[PDB]
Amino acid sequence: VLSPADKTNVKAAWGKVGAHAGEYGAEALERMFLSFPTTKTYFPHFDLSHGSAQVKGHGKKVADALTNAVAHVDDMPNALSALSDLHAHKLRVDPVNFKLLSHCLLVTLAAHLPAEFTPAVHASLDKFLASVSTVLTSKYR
């Protein structure tokens, strides 16, 4: 459950990503695949090499889904219902992997937005990503 301060922090920090969405999402995925190679099992059809155009385009979809989640922060089960159906019903992603990608997203934000990535904002982004992860791992329809 996010506080008003959390939502303020997440909107402020994530809004600075902007058109870096695809690059930063792709970087977070690459960090995850390199740091936690077990995650690659969910992407068998993917070219996962460093500058892969598949990963770059998928990263943009992930980042934009997060932007949508930020806009609907008070309404995430509804806004993300299709993604929950994909990740929880169809893909059956083990919840641990959401913690790995969420951590790699925080690392990516920290590496690119040092002034923005304060302890308070770090803490809010962690809760936000945890909240997204709960929706994507729940079967609620």
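Numbering starts at 1 and runs along the sequence shown. So that the term is clear: the rigid core is the largest set of C-alpha atoms that superpose within 1.5 Å between two forms.
Between stretches 17 to 25 and 129 to 137, the one whose Cα atoms sit farther from the displayed model in 6 other deposited structures of this protein on average is 17 to 25 (core-aligned, root mean square). Put simply, when the other structures in 6 other deposited structures of this protein are lined up on the rigid core, the C-alpha atoms of 86 to 94 lie farther off than those of the other stretch, from 35 to 43 and 86 to 94. Between 118 to 126 and 11 to 19, it is 11 to 19 that carries the larger average Cα temperature factor according to the deposited entry. As recorded in the PDB entry, 64 to 72 is the stretch of 64 to 72 and 95 to 103 with the greater mean C-alpha temperature factor. Across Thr108, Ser84, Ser35, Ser49, the greatest Cα temperature factor reported in the deposited entry is at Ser49. Among the modelled residues of its chain, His112 has a C-alpha B-factor that falls in the middle third, as given in the PDB entry. In the deposited entry, the Cα temperature factor of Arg31 sits in the bottom third of values across the chain's modelled residues.
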